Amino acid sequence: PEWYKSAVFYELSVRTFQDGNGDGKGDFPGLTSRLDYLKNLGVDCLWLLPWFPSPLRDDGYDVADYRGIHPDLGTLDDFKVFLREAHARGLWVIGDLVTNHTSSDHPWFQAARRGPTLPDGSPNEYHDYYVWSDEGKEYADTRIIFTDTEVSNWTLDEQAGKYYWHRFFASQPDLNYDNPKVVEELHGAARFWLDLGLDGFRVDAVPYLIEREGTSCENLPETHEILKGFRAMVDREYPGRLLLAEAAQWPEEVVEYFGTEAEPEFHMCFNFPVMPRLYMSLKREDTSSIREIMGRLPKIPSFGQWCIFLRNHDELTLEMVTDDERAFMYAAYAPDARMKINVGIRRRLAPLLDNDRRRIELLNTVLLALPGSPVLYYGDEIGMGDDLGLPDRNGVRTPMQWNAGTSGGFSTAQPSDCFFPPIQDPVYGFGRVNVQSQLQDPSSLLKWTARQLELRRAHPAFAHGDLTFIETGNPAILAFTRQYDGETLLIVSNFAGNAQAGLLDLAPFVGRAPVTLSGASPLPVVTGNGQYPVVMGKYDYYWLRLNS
């Protein structure tokens, strides 16, 4: 199978991982100096947030130059050294390709805003790189994504005297994919990095490329067409590289981003649909929403693999759940107003779960056991918290906590000189939560996570198996099998905070002998009608093999 199917991904922000030069900003030399940590954790692929020059109004997702390294992060040479060192350790690396929009500081937009013709009457070739309007009335009733900042998807530019489209901040003007030149520019950006040996891209905001009058301006066939263009380019010119889509949409919309066997699109898509139902099922002590949303996911192509995740650098998005699920989620996971942003919840995993290690482990087990390749958000493996005093979504992007020394080991500069301040509170601060402590503590979360990955790695059915949900007679207990190449796994998870009984329907496995993956402790052989009783402790996870 393709490499990305067997990978474990790790998401990090270079500016926030390791400062290698004392200026309070993370950088590539710093990242390079920490690759053994990632190697030894059990990670195979690093996904780096945007590393491009940018005034950072959306933390680098406002790109000013696609073919450069932001000066905070070092130089292109540093980037090539990093990539060489990552590759030498068996780490693949993917970048973040921001296709839908650029910074307003990008030279193209600086050019475009002069208007349709240059001062001397000549056509301004860059004007058409962006999406302009006389009165900002096209595409009405299309949704606003950054609901807490933007009141419209059109903003008046003072210099051009016309409106320009933007699905995100006003400082992120949308690119005009009806202009063939724009398409070519982004194929070119992609080539630049793939020519350096980058293993692929996470592609940002894929559903919003094309706008059409009388549509939602999301998931349009025309957008898919373009994305297939990217795939074909990579298949012809860079065989084996990964395209991974950020498509935060309903199940049936998301699965379209894989394309077809005849017309391939992405290799991978994040499982956005399952992610909120994990947190919901935990609070409701009822896992039906997980089965229901997985059941709405169509079959994907041969080459396709889901990318499973718990959290990421953004808020926990609630955009694609119902109004009642959303309200439930806010009540359960955002009791203070400042915890919410833009139709979502800007908190880290450990805080979301009351720092309850039994729950954190539970959800990580499900992360690793569902069909796909999992992605860890940096620092969740040590139980980092958040800083909701920081604006926007920056409170989940505080510096990695390496040790208890100056600024959590992130930098030799003092905390208050760090790009974002390293967490110091009594619960989650680097005094208490840091890699070094957890390397010495035999029972740490760091250790637990590396061990759980090693356990996953010893059973390829987690990465490659099919999935079948098993009836349990108790909504609190989730059970499924993963089968691949002669091994059947049975995964049984209790989402309730107290002990629970179930009656598993193991009819198809009469005469099979369940044993724990860890140590092969035997459970009773399945007999009779195969209705198999279980009890589980609070937040328990049973990882089993059904010997044939």
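In this text, residue numbers run from 1 along the sequence as written.
- Higher mean CA temperature factor between 380-388 and 466-474: 466-474, per the PDB entry.
- A summary of the deposited B-factors shows that, of 19-27 and 520-528, the stretch with the larger mean C-alpha value is 520-528.
- Among 238, 328, 428, 448, the highest C-alpha B-factor in the deposited entry belongs to 238.
- If you compare the C-alpha temperature factors of 199, 356, 174, 141 in the entry, 141 comes out highest.
- Ranked within its chain, residue 33 lands in the lowest third, by CA B factor from the PDB record.
- Per the deposited record, the Cα B-factor of residue 481 falls in the middle third when ranked against the other modelled residues of its chain.
- Looking at the C-alpha B-factors along this chain, the one for residue 399 belongs to the lowest third.
- In the deposited entry, the Cα temperature factor of residue 82 sits in the bottom third of values across the chain's modelled residues.
- Per the PDB record, residue ranking by Cα B-factor puts residue 96 in the middle third of the chain.
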